[PDB]
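One line per chain: the protein sequences are A and A', in this order. A prime marks a further copy of an entry chain.
Per the deposited numbering, the first sequence runs over residues 1 to 306.
Per the deposited numbering, the second sequence runs over residues 1 to 306.
For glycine and all other residues, C-beta sits at the position ideal for the given N, C-alpha and C.
What follows is one structure encoded as structure tokens, with my remarks underneath.
Number of protein chains: 2
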Amino acid sequence: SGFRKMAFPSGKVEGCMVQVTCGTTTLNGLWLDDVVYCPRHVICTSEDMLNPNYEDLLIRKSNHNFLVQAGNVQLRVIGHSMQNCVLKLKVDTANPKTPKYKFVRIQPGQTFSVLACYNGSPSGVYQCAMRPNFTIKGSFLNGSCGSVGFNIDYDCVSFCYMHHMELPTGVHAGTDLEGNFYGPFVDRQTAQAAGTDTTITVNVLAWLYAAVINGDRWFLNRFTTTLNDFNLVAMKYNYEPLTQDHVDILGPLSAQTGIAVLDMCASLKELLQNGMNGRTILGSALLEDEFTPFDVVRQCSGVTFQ
Amino acid sequence: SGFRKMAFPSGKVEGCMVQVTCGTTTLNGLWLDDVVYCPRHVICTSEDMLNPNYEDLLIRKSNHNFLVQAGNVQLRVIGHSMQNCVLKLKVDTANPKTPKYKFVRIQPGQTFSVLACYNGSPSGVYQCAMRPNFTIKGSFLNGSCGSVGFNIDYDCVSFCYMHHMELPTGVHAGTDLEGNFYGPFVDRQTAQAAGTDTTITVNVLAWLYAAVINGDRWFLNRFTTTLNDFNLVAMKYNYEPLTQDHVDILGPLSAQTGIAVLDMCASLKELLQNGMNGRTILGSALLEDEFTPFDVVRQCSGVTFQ
Ligand SMILES: *CC(=O)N1CCN(Cc2cccc3ccccc23)CC1
Ligand SMILES: *CC(=O)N1CCN(Cc2cccc3ccccc23)CC1
Numbered sequence: 001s002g003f004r005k006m007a008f009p010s011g012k013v014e015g016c017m018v019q020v021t022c023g024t025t026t027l028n029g030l031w032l033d034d035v036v037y038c039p040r041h042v043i044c045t046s047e048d049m050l051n052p053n054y055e056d057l058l059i060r061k062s063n064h065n066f067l068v069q070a071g072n073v074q075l076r077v078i079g080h081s082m083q084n085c086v087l088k089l090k091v092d093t094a095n096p097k098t099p100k101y102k103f104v105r106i107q108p109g110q111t112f113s114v115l116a117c118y119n120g121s122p123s124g125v126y127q128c129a130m131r132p133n134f135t136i137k138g139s140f141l142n143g144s145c146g147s148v149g150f151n152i153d154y155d156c157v158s159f160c161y162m163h164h165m166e167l168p169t170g171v172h173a174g175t176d177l178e179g180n181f182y183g184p185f186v187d188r189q190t191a192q193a194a195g196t197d198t199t200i201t202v203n204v205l206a207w208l209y210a211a212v213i214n215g216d217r218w219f220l221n222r223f224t225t226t227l228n229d230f231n232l233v234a235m236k237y238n239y240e241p242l243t244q245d246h247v248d249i250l251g252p253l254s255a256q257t258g259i260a261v262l263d264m265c266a267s268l269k270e271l272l273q274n275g276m277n278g279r280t281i282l283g284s285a286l287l288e289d290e291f292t293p294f295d296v297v298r299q300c301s302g303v304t305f306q
Numbered sequence: 001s002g003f004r005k006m007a008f009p010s011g012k013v014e015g016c017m018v019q020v021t022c023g024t025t026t027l028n029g030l031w032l033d034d035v036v037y038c039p040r041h042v043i044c045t046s047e048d049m050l051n052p053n054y055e056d057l058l059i060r061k062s063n064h065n066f067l068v069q070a071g072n073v074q075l076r077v078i079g080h081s082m083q084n085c086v087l088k089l090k091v092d093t094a095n096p097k098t099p100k101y102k103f104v105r106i107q108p109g110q111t112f113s114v115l116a117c118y119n120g121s122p123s124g125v126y127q128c129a130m131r132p133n134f135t136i137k138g139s140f141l142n143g144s145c146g147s148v149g150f151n152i153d154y155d156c157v158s159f160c161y162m163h164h165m166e167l168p169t170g171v172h173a174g175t176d177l178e179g180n181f182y183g184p185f186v187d188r189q190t191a192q193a194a195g196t197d198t199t200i201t202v203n204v205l206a207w208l209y210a211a212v213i214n215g216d217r218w219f220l221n222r223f224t225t226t227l228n229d230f231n232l233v234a235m236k237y238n239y240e241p242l243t244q245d246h247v248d249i250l251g252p253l254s255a256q257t258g259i260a261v262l263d264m265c266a267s268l269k270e271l272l273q274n275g276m277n278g279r280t281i282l283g284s285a286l287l288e289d290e291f292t293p294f295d296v297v298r299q300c301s302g303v304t305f306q
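Take a look at the structure:
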């Protein structure tokens, strides 16, 4: 028993992190096979960031201008190209520690682990959700860019995020591993506004099911409700609307606890209107939305990986 | 910027986890050099747990009764001994992935990372604190015993915890790597009561300093206070008393924020008496005590490891 915000084990990713230096800037890169991936703003100076023309700046760089280091081993760049907002550096040595991997573009509300790195070296690991406004609320300092987010399925590492920037508001924005930003952001030093950050309703329900599995049952009430009636209340509190796909995804948790989704929705409705009255659920005084239904099943059943 | 409950990277520990089987029971073991460490209750049946005589049960076991597996590689046990509540299985092959390591017995209030494992395979990683009553509030299912807690300093893994049991109350108890339980618990299926679980005051202060570093300053008030006056209020709310050693440890955070410890204590005092009024600090509606002052400095300065 117990419930924790659990990250994936990071060992398979630790062996892929390298340090990338171009001119004076030093960021993290991700070394898979014989290619290193890193944010293209590694080629910028502090002055270029206000309005960078990446194509023009990249012309002034040659293969020998990029210094890639893996601990103390040194890689020779024999080819470079820009793909959207990431640089692909072809090196001479394939990474012997390359795991079974895949590049995936996640959807808002999905969760992943971040391996925060500085100078190519791992600093720590934590779990987070992609917010509905395509930001993440991470922990990143200068030099952490190029750190990656990932999931592990079976023996395969699915890379889904590379960190690029901190917004003036303190939240974080980045790309998939093909270099397409999540959200409308651009890699330029200019005022950018994220949208409204709504609560991931299907995740909150999954976490309420986790609470019941672990013995916190006080919020379970007599009422029930309808999907339309619930969504009308949810949207007033900036909760994402619930759809039938969401109800389908919660089916196995319903089956294990004997509590129907709409009944659970009626408990949530009352929690939104009346608050929590100074009580807690799974050790929290706020409704938590960084666990997907799959995260709950995974943790409550003990799924392991390679 | 940002602040997250961050675990250490787990790769160095993942390569040390093995599966240990004796008779019908299968737990996790920790393979360092040519020794495997595991909970001694691996030699018990479900019936033995009510009142086990470990010395007598261990007599009925020989070296070939223990099956240790590392993925698909198999270790041959050539010597076994009991040290307090852990078994030390001498094997024929030294672990090639043995890191620089150390065994350490931590003090209540210190934090560490747990690598939750099942059948010798990693499932996830999370950070937790040793509570003042020597329990931890983990996430553990059947088969997770022998999972270990650890810290990383420089290039050295400091093992400080091995999981042994779940109390009837849902909290977790275990030993150091010499097999001495933390707290008064015994590895036997009997009703055991943990003491009162108090809040780790010095950690709460460190986290308030983290909040100020990250821009949450609303709780900062006009008043100040004295150590004696603060402790008188803290003990009413089951907070650990603050000592001068605690004030000394917080010195660097005081220097970086320009806020004196006693001034920060006066803010906490008002938070304890008046509550939080539906506001949050670093995304939480509760005062958080699972960050040590060192965790805050580490995260807010970007310390890396091997
Ligand atoms: C994450 C990291 O290591 N850095 C982030 C900031 N900086 C370059 C950079 C990249 C994208 C946008 C942006 C906007 C303003 C200032 C700097 C920016 C390098 C280090
Ligand atoms: C953690 C784990 O894998 N297990 C814990 C429970 N069990 C054996 C065991 C060990 C210590 C105390 C105790 C008390 C009651 C029941 C079982 C107990 C094996 C699996």
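Check whether residue i and residue j have beta carbons under 8 angstroms apart
i, j, result
"A:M162", "A:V86", "yes"
"A':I200", "A':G109", "yes"
"A':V296", "A':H246", "no"
"A:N84", "A:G146", "no"
"A:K90", "A:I78", "yes"
"A:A255", "A:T224", "no"
"A:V35", "A:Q69", "no"
"A:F294", "A:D176", "no"
"A:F8", "A:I152", "yes"
"A:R4", "A':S46", "no"
"A:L286", "A:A210", "no"
"A:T226", "A:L262", "yes"
"A:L205", "A:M276", "no"
The alpha helix (DSSP H) enclosing residue i, as first and last residue numbers
i, result
"A:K137", "Segment: none, A:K137 is in no alpha helix (DSSP H) and carries neither H nor E."
"A:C265", "261 to 274"
"A:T257", "251 to 257"
"A':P293", "293 to 301"
"A:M235", "227 to 236"
"A':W31", "Element bounds for A':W31: not the alpha helix (DSSP H) but the beta strand (DSSP E), 25 to 32."
"A:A210", "201 to 213"
Beta-carbon proximity list for residue i, same chain, < 8 angstroms, skipping 5 on both sides
i, result
"A:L167", "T135, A173, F185, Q192, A194"
"A:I43", "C22, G23, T25, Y54, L57, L58, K61, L87"
"A:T257", "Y209, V212, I213"
"residue 328 of chain A", "Summary: the structure shown does not reach residue 328 of chain A, with chain A confined to residues 1 through 306, and so no result is reported for it."
Cut-off 6 angstroms between Cβ atoms - residues of its own chain near residue i, not counting five sequence neighbours on either side
i, result
"A':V157", "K12, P99, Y101, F150"
"A':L30", "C16, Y37, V148"
"A:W207", "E288, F291"
"A:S10", "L115, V125"
"A':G143", "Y118"
Reference residue i; option with closest CA among the options
i, options, result
"A:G302", "A':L50, A':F291, A':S123", "A':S123"
"A:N231", "A:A116, A:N72, A:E240", "A:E240"
"A':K137", "A':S113, A':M276, A':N238", "A':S113"
"A':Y154", "A':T304, A':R60, A':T111", "A':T304"
"A:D229", "A:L242, A:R217, A:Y182", "A:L242"
"A:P39", "A:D187, A:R279, A:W218", "A:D187"
"A':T25", "A':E55, A':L67, A':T257, A':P52", "A':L67"
"A:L141", "A':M130, A':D263, A':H164, A':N214", "A':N214"
"A':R131", "A':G71, A':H80, A':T196, A':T169", "A':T196"
"A:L75", "A:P252, A:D92, A:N65", "A:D92"
"A':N274", "A':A129, A':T169, A':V233, A':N51", "A':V233"
"A:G71", "A:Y118, A:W218, A:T169, A:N238", "A:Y118"
"A':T190", "A':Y182, A':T169, A':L27", "A':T169"
"A':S121", "A':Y182, A':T111, A':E14, A':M235", "A':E14"
Span of the beta strand (DSSP E) around residue i
i, result
"A':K90", "86 to 91"
"A:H163", "156 to 166"
"A:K12", "From DSSP, A:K12 is part of no beta strand (DSSP E) but of the alpha helix (DSSP H) over 11 to 14."
"A':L67", "66 to 70"
"A:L177", "Looking at the DSSP string, A:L177 is not in any beta strand (DSSP E), and its letter there is neither H nor E."
"A:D289", "A:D289 -> no beta strand (DSSP E), and no H or E assigned at all."
Close-in-space but distant-in-sequence residues of the same chain around residue i (CB under 7 angstroms, 5 per side omitted)
i, result
"A:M6", "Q127, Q299"
"A:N221", "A266, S267, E270"
"A:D33", "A94, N95, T98"
"A':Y54", "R40, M82"
"A:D48", "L57"
"A:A260", "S254"
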